[PDB]
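One structure below.
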């Protein structure tokens, strides 16, 4: 019954029974979204699966242009010679859905 | 196609040796003579890539620029040597269709028949 | 610099041919808990070893394993490089002989004796480098010549 | 100016398998639950 719900029941399977007053408007979350750095011109993709952690959020866009973590030589070369003596940066949070 | 020019002269009292070059003559058109040392090696420079895709079978394409291009300036945008387009597919590169254009730099000292009595020489450098 | 990729033929005198030492192609790890064999390809000059696992069983679990390599399951290849100097008969009037590197892989090794006259035919690729950091303009490439088939005079 | 390397695998040897009833090989019980169930006298989940 709905009257007795202690804090001992946090995150367990608990069923109940009531009367539904009023619904709301159909919203839209995302599951598969593909991104792009607006400076570096990089591409990625993100899948997310479980999507009710309401003020979390479940995920965010990453906050760095993410190409400096690369296991190749010439990709590190062009990402090094974006400028002339200092390294380049897409940053801060550069991505675009 | 480029179709560049020459400007053979007859130059305008800009006949100056590289002792008296700098710096209020800057960003003008200047004629310089002297000895050539110490000429470097010839290296090829990349301009256009071409990538084959798998498995859909479409070529691709990308451009590149620098600061030693045509003589104006431009708001620079770097660009990663591409791999894994959207949607996720391996992009095996190619050669033979991707262009290349040569590049070489030499430096110029002033003339010893024109130099002062005994002083150190002073020199500049030229991109070709 | 407009032959990069084709299949060409040169001639000259070999000088400074080096030794033969193994270079790695794929590296084979073992996982010790999942039981997989996680490979890795290496294209570049320098590589880096890796960590916990990348399988489909030691992944999506809490307790990742730890992996370490082995040398009887990788794939090696012989490797030897040398230089071609200009023949000194095909030069203009006031110049000096140049040079051009050659890599040699596989069965063709131990056929390049120093001080000869040779006709190497191979394909002509790029390999990334530039010299001092303050001289780079992007994306200068520094070529070599792969070897395919070696035909000697004399 | 090459392209990137790749990483993959192949199952060769077994294997530290007590098995400790952890994140995988619980899923063996549900692949055994949907497929390999039949209440009397008819399996119900596979047809649904």
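Values as computed for the structure displayed
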quantity: Shielding by other protein chains, C:108-114, mean Cβ within 10 Å; calculated: 0
quantity: Shielding by partners, peptide C:62-68 (average Cβ within 10 angstrom, other chains); calculated: 1
quantity: Overall dimensions of the protein assembly as shown as given by Cα atoms, namely Rg and Dmax in Å; calculated: 32.1, 115
quantity: Volume per residue of the C-alpha convex hull in segment B:67-110, rounded to whole Å³; calculated: 153 Å³
quantity: Gyration tensor over alpha-carbon atoms, segment C:20-97, equivalent ellipsoid semi-axes in Å; calculated: 47, 13, 8
quantity: Angstrom value of the Kirkwood radius, inverse mean 1/r, which spans all Cα pairs in chain B; calculated: 19.1 Å
quantity: Simple spin-label estimate for residue C:47 and residue A:54 in nanometres, 7 Å along Cα-Cβ; calculated: 5.1 nm
quantity: Estimated 222 nm signal from helices in chain D, with DSSP H stretches of n ≥ 4 weighted -39500 (n - 2.57), rounded to 500; calculated: -4500 deg cm²/dmol
quantity: Isotropic mean projected area of the C-alpha convex hull, segment B:14-71 (nm²); calculated: 6.7 nm²
quantity: Relative contact order computed over chain A (Cα-Cα under 8 Å; 6+ residues apart), in percent; calculated: 27 percent
quantity: Taking all pairs of distinct alpha-carbon atoms in chain D, Kirkwood radius in angstrom; calculated: 14.9 Å
quantity: Rg followed by Dmax, in Å, when chain A is reduced to its Cα trace; calculated: 22.4, 70
quantity: Neighbouring partner chain Cβ atoms per residue of C:127-139, average, 10 Å criterion; calculated: 6
quantity: Alpha carbon Rg of segment C:1-152, scaled by the compact-globule rule 2.2 N^0.38 Å; calculated: 1.44
quantity: Choice from C:62, C:80, C:33 with maximal GNM fluctuation in chain C (Cα, 10 Å cutoff); calculated: C:62
quantity: For segment C:89-154: rounded, prolate or oblate by the Cα gyration tensor [a/c cutoff 1.5]; calculated: oblate
quantity: Rounded, prolate or oblate (a/c below 1.5 giving rounded, otherwise prolate when a/b exceeds b/c) for segment B:40-114 by Cα gyration tensor; calculated: prolate
quantity: Cα gyration tensor, segment C:53-123 - rounded (a/c under 1.5), prolate or oblate; calculated: prolate
quantity: Normalised contact order of chain B, rounded percent, pairs of Cα under 8 Å and 6 or more residues apart; calculated: 31 percent
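Cβ sites come from the backbone with ideal geometry, for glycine too, and all protein chains shown count toward neighbours. Rule-based calculations on the coordinates, nothing more; no lab input.
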